[PDB]
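Only one structure is covered here, and it is reproduced in the block below.
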Amino acid sequence: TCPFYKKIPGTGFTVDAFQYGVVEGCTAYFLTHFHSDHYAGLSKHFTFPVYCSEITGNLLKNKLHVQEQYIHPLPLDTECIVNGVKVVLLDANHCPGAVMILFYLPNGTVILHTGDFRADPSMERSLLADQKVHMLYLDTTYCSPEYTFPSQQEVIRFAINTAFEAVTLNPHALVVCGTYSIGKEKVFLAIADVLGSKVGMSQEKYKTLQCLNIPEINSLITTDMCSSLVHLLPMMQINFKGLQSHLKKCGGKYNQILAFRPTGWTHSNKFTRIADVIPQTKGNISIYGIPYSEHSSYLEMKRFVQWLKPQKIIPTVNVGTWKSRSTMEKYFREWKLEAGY
Ligand code: NI
C-alpha cells in the first residue's frame, strides 16, 4: 500500500506515488522528476491530475504518452494555488526538470519535500530563506559519513582533460559515454564540446533529450553516428564485450575506445582523489568510472539541514531496514545538538 512518507498530511496530496493504484483520498498527484522509481505506474491511461515542472510535463506527454488534459505544469519559483493550497516548485539540482515542493498548509504548517536533490548553498537564497519550515521529507540516499565526493566541476575537468589528451594523441580513438536515464548530460556534452564534435545517439535517446529545454541543443546532438566521435550507449553495454562489439560496427573508422561510466559513489572514494582515478583496460579499450553525483554528499546534506533547522525530518530513501533507519536518526540528532535547534 502507499507508504506514509509519500503522503502530505492536511492535504489531498501525494508525491511520487503512481504505483499503488487509486490512493484513497488523493485529489492531486505530484511528480518531482522523470526517473523510473518515481514515475513507476504512469502511462497513457492515467486520468487524475499530475502536477510537475514544464520539462517533466514534456517527458510525460512525449515518452509515456500521458494525455495533455491531465498534465499540469507549473513555473518554478512562483507561488501557485492547487486545490486551495499554496505551493512553490524549486530547482532540486538533480536531473533536468527535477524539483523540490514547498507546501503551505491551511493551518500554518510549512512542509518541504526535496524529491531527489543535491544540496547546494545556492538554495539558501531561494524562496526557502523567507519563512520557517516545520517538516522536511528528505532525500537521504547518501546519509552516511563515508559518502564524500568531488564537486561536479572537478569531475567534468577530469573527463574533459582525459578525453582531449587521448584523442589528440590518437585521432582514431572513439569516446563512448554510458547512460540509462536522464541526468548527467554535462558529462557527454562537455567532452563533445572540447573535441568539436556532436554527440551521436539512438533515435529514442535523441527524442528524450529534445524534451529538456537545453539551449542550443540542436547544435550539440545528432542521430548520425558516422559523423560523431562521441557516442552514447546504454549503461549495460559499457563493458569489454559490449564495447568490442560496438567498435566492430564502426567499420574500421576507429582503433581504440575510451569509455566513461558516471557512477554515483564507488569505495575507491574513501582513499583516492579525482586526480588519482585510473581506468580498467583490456587491449585497445579503457573504461573510467567517474563519481559524478546528482545526490547530496553527507556533508552537503548536513549543511543544508543545519541551515534549514526543521522541527521534524522524514527520510524518503534507505527506509526499508531497521538498521538504516536507526543510523539516519542518530545522525539527525547529532546535527540538531551540534547546531542547537
Ligand atoms: Ni532520481
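Residue numbers (my numbering): 386 to 726.
Beta carbons are placed, not taken as given, at the ideal position from N, Cα and C, and that holds for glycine.
Beta carbon of residue i nearer than 8 angstroms to that of residue j
i    : j    : result
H430 : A477 : no
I440 : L594 : no
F415 : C387 : no
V702 : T526 : yes
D524 : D501 : yes
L614 : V561 : no
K697 : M520 : yes
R510 : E679 : no
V407 : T399 : no
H631 : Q622 : yes
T712 : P676 : no
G426 : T412 : no
Coarse secondary structure for residue i, derived from DSSP in three states
i    : result
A724 : helix
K655 : helix
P506 : helix
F488 : strand
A483 : coil
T712 : helix
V435 : strand
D524 : coil
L684 : helix
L459 : strand
Spatial distance of residue i from residue j (CA atoms)
i    : j    : result
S653 : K590 : 31 angstroms
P664 : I541 : 16 angstroms
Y673 : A644 : 6 angstroms
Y639 : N555 : 10 angstroms
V579 : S612 : 16 angstroms
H450 : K471 : 28 angstroms
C465 : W720 : 33 angstroms
Min CB distance residue i to chain B below 8 angstroms
i    : result
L521 : Here there is only one protein chain, and chain B is not present.
Residues bridged to residue i [DSSP beta-bridge criterion]
i    : result
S671 : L643, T666
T399 : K392, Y414
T564 : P619
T648 : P676
Original post:
Going along the chain, which unbroken runs of the beta strand (DSSP E) with 3 or more residues stay wholly within the stretch 547-602?
Top reply: 558-564
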